[PDB]
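>>> this one's sequence-less:
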DNA sequence: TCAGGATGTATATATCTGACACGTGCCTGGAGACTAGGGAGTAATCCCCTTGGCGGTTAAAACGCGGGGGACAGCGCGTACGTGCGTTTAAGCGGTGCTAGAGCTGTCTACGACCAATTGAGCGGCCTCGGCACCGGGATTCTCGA
DNA sequence: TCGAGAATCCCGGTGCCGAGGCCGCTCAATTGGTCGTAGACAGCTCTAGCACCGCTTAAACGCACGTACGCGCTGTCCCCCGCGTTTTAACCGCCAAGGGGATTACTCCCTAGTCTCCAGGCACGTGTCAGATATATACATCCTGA
Ligand SMILES: Nc1ncnc2c1ncn2[C@@H]1O[C@H](COP(=O)(O)OP(=O)(O)O)[C@@H](O)[C@H]1O
Ligand SMILES: [Mg+2]
């Protein structure tokens, strides 16, 4: 029946239509097609996959289970994405 | 000993040669204004890389530029070159 | 013997309340007693205990200090409070302003009672978005009000409102939600400035962790703030059995009851109305099953012996297995509910033993849940057994909460088992028609007892109330059961403190208190499938024995496989050994 | 024999001693120079004063006494070469400076 | 007391002693481990054998006994992940692998 | 007879309102569940600090804004004011990622 | 004769098939000496240095024409213009 | 327990450039990470720069060519002027 | 006078992979610069990796996370296997 | 569908050539022995993150729904380089001389490194207060249509 | 070519909370006093970079057609925009316990220096073999044509 968690809105759709809409509006774009949504969700999942891979690599190296801010700052700063304000 | 002055020291890259250079890149149809712009971007790239190279050669207190200095200039430039050392 | 030092502390700090606008002597220092109720009170008469407690709180207003009503649910804190507001509004002529704070679920009850019993007192409510709230906001900004309703969230949302106005006498409700010390709402009421005097109200006294502290022993009383800061551990060291809790610290307990005399007021319902005919408080004992057998401990082995297992593993897989539904595809790849899928759990065996008997004997049973996955699976097999029922949850939105009760209370209805959670309803559910309660897992606090048990025992149920508390053998949720039950029976001093917090007969706090200290001295003494016994625990009388033994003869001829599902072996061990 | 910090001898703000130590223990080289931490102190003086000064100009333009990471955003990306240094690196809370394409906007 | 190179103890080719020294004097850290130069020796074994093996396959495909930087070019950019490592870095004398766009070529 | 705006004016008003403001755009909790769900794939039962999730959030937000800006330039180069999948994958194809 | 566009394929295949250096040495030599004369006087370049810088700028510029080709074929125009060749280094992050 | 930051140094620079202008906490942290990152670039590049010359020590000339080679543009000229000025003023003390 | 190169090591790898296949001088130099560059990546990144943990020494785990974090893809798995195999074989000697 | 057209395949030979096998000197890896310090372990204290639930409040998000305009094939027309083709011609190459400076070796100090006393400088807690944030309400301001 | 209407900025009034000073602590900076040692000059080698100088020949170039195609123009719808209305879940707060990061502090153990003799690799020479310029050959393949 409905007891199974298999039937539910999947997590990647958690980014909504007006969310990514606004997020492109900041980019300076006017008219947006319909597949920009799915394609951009794919891109976001790939990028987050890479950065979180590096992050869990650092945190796993220190033997800690806690992913900290300095971790992500090291992943981005190593990828060329260096991020100020935190590290 | 002497200095031989021959004109066309900037655009001296010939349109057949640079045209071949684009043909290696896989381009099909080449315009007539691609050549000047390509000499511009090549000139600017050359600016940066030779600026770094002569920075290294100047730091070492030597009057001769060496291939290793170019490999380091390209190195920090973001593209590492292989086969010439370093 | 720090109560004399506390008498000095109240000698120095006593003039804060009145000036800034025998230990009873400090509260007896002014001599007046008035038993008479307010004359303008309309809609009925006050009960004897209502007149006594009302005279007690008004007697506190005579000395003007703060007070506490700790008494049991069902004794009418409402009419006592609003009667204090109309009496204090009438005779004493201080007349206001008054601030009341109640949960939104009860705001309809309080708002409905303030009309009948106090027509002259003008009130104000807050609901229906800032559009409808802004009108009465403009009404209150002018300073026109007497008794103003509000809820907890409108304290922080109306922080501007309450900040722009200075109150006089506040009386709040639901003190056991407010109790939290680090609660943002409590800090905002510390930055609230103040009114003159405050009244905490809670249906149940301190529960769970160590004695009062955060609520009444800090937040309620002015002297108690600065005084009891350090002493919380000094008086909390009681909680190494006879030599501590009994020998020396018995008098310490006597002082804990001696300091709370003018403060708390608590009375048992059985001492006044006592309309409850009786109850039955028992338990049962279950045992493990296929996944709940050593495979359970085997999971504890390969996994330990994500994280936080010992707390998480219980409420999931000692109630029903494959609530993760990941291993459900292993045990039952057909993703289809068939016989003996729901019987792989050890606890459920007892259930599907009772359900045929309650279906035959026709009794409507209450059931309380946690881990709503159990509600989903139990609901699906509950559809497999083909018996009617009604659901509820925290997502109900209150539409089915209000409308559903009219479908439940219908006598002709065939709905038997009634689905509930432990936290749902906020004690406003009002179900008097079910005589039986069963609970899968034991809550961490007595609110299981004083909520789930007060659903039945409340007025309107004249039958015998039967309770079945499930537990499994050789498990840690055992030591959670005796931990919460036995280790949280420390409040037994307080539930005893209700009886001598009442009119307090002389022998109550020594002779009868000791008679309870029997139950204090049998603690360790209580630390130490049968179809006939489990059949008879639900039997009220003999003509029920006739029909249940008739069922015994009904299933005596027919064979009713095995008891439950068993570890055929390739499913059991191969489950969790490939995960890690 | 009075103790005088050599950071004040060069008339600077960023400390010479701290950058000297941290540079040593930063295992950048097995031996360190004398005037090198002074020189780094100087270039950090000029960079911090530069970018922070542009931030002060942006905050003054926005009529705000304090400075916001938005003001550092405008400070960075307003200047050409300063953006050329920080172009590859991103930032936090700054945002994007207003821009609209020519033919994208209507008449 | 017979001298045995520890590079042969691990059954490797790249020297452990040279990478150990050069790693020391390379001022990467103030103290160096024991099995670290062995581990680097191993990963250099696998990388060199990998890319050089692909170069051998390309040279075998071109019917050439020796290898040319063109063969290292094809070796690099033929493999996916190996190109992902060397994508950002350029090369010398290799050239570009043949490619033609789909709709660019006529019918 | 109601009143409305011509198509394309609301776009300018929006773009100005967002580019004018520094506030974080995508909503926190859905991104939280996204990071936890995607990190569950690599190693189990990780624990993220709040500043870590805010870090990764603001980072992916800024980079993705840059991606839509690049896609906008490629679109307006294509003479189409509408952005498609083609040019948004051409942005990260020309960047050197894909 | 040949139809227009076949010679282009034959060329592209001939070049991409071969590894030989393309632009001619000596003009590039005079270019590097002339452009280095601006920074510091009377520099001395080794042969391997000029070959280095040559092959580097050659490879990078080939990559530039490849990206310009992708941008052009995206624009639906098979002809490359100044617009897309400056859009390549504008989108790369240089200009 | 002890977390070191440049902080009050950037504060003093702010007070000697724009006295009335203040700075927030986020701005102090972001510019702290700024000077840390730039320092890491200059020193980290001067390390390998002194390593290519087989010179064991890092000196003022190494940082000189490091900052001259690091940040492009006219911005380097003022850094060279202020740097050499601070070195000469330091040695003349 | 003395210019070191890996050389005959790459030669031995060639002879244990493709015995009949030869290598030119340009190929030996370009792959020499290859292993030099890759080594510079791994060790150079393991340095700062051990510096972020405030660990003064570089060890086998530092190079482990260094090579695992450096080169993406399935290519890292075989490097980890061969690496740990060589470390265990070294210590078991 | 077929003939003669301007480009790439395989087959002997030969032919410089530079990779590789073979053989010396020599600078650096390596084992053995002897001294010091870096990190892993156990163990209380306090702060932050988990994993299952509750009660509320709104701003955002979803679903229609008309409807405006831009993507999107087609259609012509005018350039615009593509493709030979004689005609210059400057790059490649081989072929000397001349010497600037990169590189190596040898001494000799100015200089960091390390260590012992000495102490202001920078960082945490405490406390206080302007500056940014929020709220009606009201004076333009560009945009939607006559 | 012009006039109303929703948006936007200008206004004070609260209002509340990080930013800034202020006080006190403690520990890295600072100041000498040896002391071993890179590197700074100083001189000597030689070798590779820089001059023509002449010969040889693919390479580039101005110029002639001649179709390829890029751009402007034009209908045709289909997709996204801007409202307008439900609806619903993020956002707080609350609860129940539990466990994971830190900071001193003895305690070992693994790799820095460290002096000693011994063998692996490379710069330098013989002395032989894979490949590219050099020749001639049906086939792979495309344009004109039908
Ligand atoms: N004196 C009284 N006369 C009539 N009804 C009363 C009286 N006191 C209490 N009640 C009943 O009690 C109900 C309210 O009880 P409530 O105040 O909710 O109990 P509690 O104080 O335990 O929360 C009312 O519906 C009312 O009918
Ligand atoms: Mg009541």
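Perfect, I can see it now. Numbering: from 1, shown residues only, chains lettered A, B, ... in the order given. Ligands and ions are numbered 1, 2, ... in the order given.
>>> Look up how far residue C:332 lies from the residue of chain C found nearest chain A.
Distances between chain C and chain A by CB to the nearest CB are smallest at residue C:376, namely 3.8 Å. All C-beta spots, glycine's among them, are computed from the backbone N, C-alpha and C. With distances taken as CB to CB, to the nearest Å, residue C:376 is found 15 Å from residue C:332.
>>> Where do the helices of chain A begin and end?
Applying DSSP state H to chain A gives helices spanning A:17-25, A:36-61, A:69-79.
>>> right, so the ones you listed: which one is the most enclosed?
Of the helices of chain A, the one with the most neighbours on average (mean count of other CB atoms under 10 Å in any protein chain shown) is helix A:69-79, at a mean of 22.
>>> Against which helices or strands is it packed?
When contacts are defined as 3 or more CB pairs under 8 Å, 6 or more residues apart in numbering or on different chains; DSSP states H and E, helix A:69-79 sits against helix A:36-61, helix F:50-77, helix I:25-52.
>>> picking up where we left off before, as a markdown table, the helices of chain A with distance to ligand 1 would be great.
Formatted as a markdown table, the helices of chain A follow (distance: least, CB to the nearest ligand atom, whole Å):
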| stretch | distance to ligand 1 |
| --- | --- |
| helix A:17-25 | 45 |
| helix A:36-61 | 51 |
| helix A:69-79 | 48 |
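>>> Report the central residue of the chain.
Defaulting to chain A. Closest to where the C-alpha atoms of chain A average out (CA atoms, centre = their mean) is residue A:48, at 3.9 Å.
>>> meant chain H, my bad for not saying
Centre-nearest of chain H using CA atoms, centre = their mean is residue H:39, 5.5 Å out.
>>> Pull up the gap between that one and chain A, please.
As judged by CB to the nearest CB, to the nearest Å, residue H:39 and chain A stand 13 Å apart.
>>> and if you look at residue F:7?
Look at residue F:7 and chain A: by CB to the nearest CB, they are 9 Å apart.
>>> Just name whatever secondary elements the helix or strand residue C:533 falls within is in contact with.
Following DSSP states H and E, one finds residue C:533 within helix C:531-536. Counting contacts by 3+ CB pairs under 8 Å, 6+ apart, helix C:531-536 packs against helix C:346-361, helix C:542-557.
>>> for it, which positions count as buried?
Neighbour-count burial for helix C:531-536 flags C:534, C:535 (criterion: 16 or more other CB atoms under 10 Å in any protein chain shown).
>>> any residues touching that helix, and which ones?
Helix C:531-536 has contacts (CB atoms under 8 Å, 6 or more residues apart in numbering or on different chains) with C:284, C:350, C:353, C:354, C:357, C:545, C:548, C:552.
>>> how about the helices and strands packed on helix C:531-536, which one is nearest residue D:89?
helix C:346-361 (58.6 Å; CB to CB).
>>> Any part of the closest one near chain A?
No - shown here: helix C:346-361 not in contact with chain A (CB under 8 Å from any CB of the partner chain), separated by at least 14.8 Å.
>>> Return the set of buried residues in that helix.
For helix C:346-361, the neighbour count (16+ other CB under 10 Å) marks C:346, C:347, C:348, C:349, C:350, C:351, C:354, C:355, C:357, C:358 as buried.
>>> ok, now stretch C:169-178?
Quick answer for stretch C:169-178 (16+ other CB under 10 Å): C:169, C:170, C:171, C:172, C:173, C:174, C:175, C:176, C:178.
>>> Also stretch F:66-82?
For stretch F:66-82, a neighbour-count test (16+ other CB under 10 Å) marks F:66-78 as buried.
>>> same question, stretch C:162-170
Residues of stretch C:162-170 classed as buried by neighbour count (16+ other CB under 10 Å): C:162, C:165, C:167, C:169, C:170.
>>> so the first one makes contact with residue C:155?
Yes - using CB atoms under 8 Å as the test, residue C:162 is close enough to residue C:155 to be in contact (6.8 Å).
>>> Could I get the contacting residues of residue 48?
Just going to use chain A. Taking CB under 8 Å, 6+ apart, we find residue A:48 in contact with F:34, F:35, F:38, F:56, F:60.
>>> Switch to chain C, please.
residue C:272.
>>> ok, now how distant is residue C:279 from residue C:454?
Residue C:279 sits at a distance of 11 Å from residue C:454 (criterion: CB to CB).
>>> Likewise for residue C:536?
From residue C:536 to residue C:454 the distance is 27 Å (CB to CB).
>>> So residue C:404: helix, strand or coil?
Classification of residue C:404 by DSSP: H, G, I helix; E, B strand; the rest coil places it in helix.
>>> any idea whether residue C:419 is helix, strand or coil?
Following three-state DSSP, we place residue C:419 in the strand state.
>>> Not counting its neighbours along the chain, what's nearest it?
Spatially, and ignoring its direct neighbours in sequence, residue C:419 is nearest to residue C:391 (4.5 Å; CB to CB, 6 or more residues apart in numbering or on different chains).
>>> What of residue A:13?
Nearest residue to residue A:13, sequence neighbours excluded (CB to CB, 6+ apart): residue A:41, at 7.5 Å.
>>> From residue H:19, how far off is the one you found?
Distance of residue A:41 to residue H:19, given as CB to CB: 49 Å.
>>> What strand or helix carries the closest residue to residue F:8 other than its chain neighbours?
Of all residues not flanking residue F:8 in the chain, residue D:106 sits nearest, at 6.0 Å (CB to CB, 6+ apart). Assigned by DSSP H and E, residue D:106 belongs to no helix or strand.
>>> do the same with residue C:199
Residue C:199 is part of strand C:197-201 when elements are defined by DSSP H and E.
>>> Let me know whether that strand sits next to DNA strand K.
No - counting by CB under 7 Å from any atom of the strand, DNA strand K is not contacted by strand C:197-201; separation bottoms out at 13.7 Å.
>>> closest to residue C:131 among the contacts of helix C:531-536?
Using CB to CB, residue C:354 is the member of the contacts of helix C:531-536 that lies nearest residue C:131, at 51.8 Å.
>>> so that closest one touches residue C:538, yeah?
Yes - using CB under 8 Å, residue C:354 is in contact with residue C:538, at 7.0 Å.
>>> tell me the contacts of residue C:246?
If you count contacts by CB under 8 Å, 6+ apart, residue C:246 has them with C:517, C:520, C:521.
>>> er, residue A:11 I mean
By CB under 8 Å, 6+ apart, the residues touching residue A:11 are F:30, F:33, F:34, F:37.
>>> how far away is the closest residue to ligand 1 within chain H from chain A?
Using CB to the nearest ligand atom, the single residue of chain H nearest to ligand 1 is residue H:25, 48.3 Å away. According to CB to the nearest CB, residue H:25 and chain A sit 10 Å apart.
>>> Around that residue, how many other residues sit close by?
7 (other CB atoms under 10 Å in any protein chain shown).
>>> Could you do residue H:88 as well?
12.
>>> Could you confirm it falls within a strand?
No - secondary structure of residue H:88 (three-state DSSP): helix, not part of a strand.
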